[PDB]
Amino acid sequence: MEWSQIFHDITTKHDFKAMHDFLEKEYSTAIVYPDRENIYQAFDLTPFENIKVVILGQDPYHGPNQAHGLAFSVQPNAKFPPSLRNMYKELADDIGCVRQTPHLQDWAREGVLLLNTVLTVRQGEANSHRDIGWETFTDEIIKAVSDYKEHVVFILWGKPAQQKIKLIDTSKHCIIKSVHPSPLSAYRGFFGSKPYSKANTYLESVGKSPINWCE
């Protein structure tokens, strides 16, 4: 199955016309991230039947040369934000490898759907595009993956992610879940959580090729 069928169901279950018209004005009367072309970069690079793993972010990075359409990823040249520096420290411990690039495009290729719950944001304005219908959209995406996939890992970082457990048929699917890799939260148990190895143990266990997390 393809994202375009799934997207068709969601866009006929709910009326995203008001949202589409809105984001049209935003992109032509504001500075919105990411680029219009990259809003779905996650779906682009992790085709539906390639999803092994789902990592929820929240909000796209609101700064310049950061967001490009994947949760947690900044453009190659850009500098590491905190949550992402910590994600790499835990990866270094869990798996062993030390990633240099803060770009997660290769994780997407490898079957990690890096899905933020909101997919647009105005430059500088931290939660500018909450409550325009994105959350409905991304809820239906988590549902869709649970519904039409057979054995998938959902990694839920921070309480807001963990509100999405009620969308995820854990009779069918795995859930690895911890406090957020924010420096504010990371030490109440994201460090040592080892979700990369855990994810692969689970995938190995349903006869699926593990995620190469490294370069």
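All residue numbers refer to positions in the sequence shown, first residue = 1.
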Task: Which of 183-191 and 30-38 has higher mean CA B factor, as the PDB entry lists it - done: 183-191
Task: Comparing 139-147 with 89-97, the one whose average Cα B-factor in the PDB entry is higher - done: 89-97
Task: B-factor third for the C-alpha atom of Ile211 within its chain - done: middle
- [ ] Quick one: classify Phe80 as lowest, middle or highest third of the chain based on its Cα B-factor.
- [x] highest
TODO: Sort the modelled residues of this chain by their C-alpha B factor and say whether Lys164 lands in the lowest, middle or highest third.
DONE: middle
TODO: Please rank the C-alpha B-factors of the chain's modelled residues and tell me whether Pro102 sits in the lowest, middle or highest third.
DONE: highest
Task: Third of the chain's Cα B-factor distribution that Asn127 belongs to, per the entry - done: highest
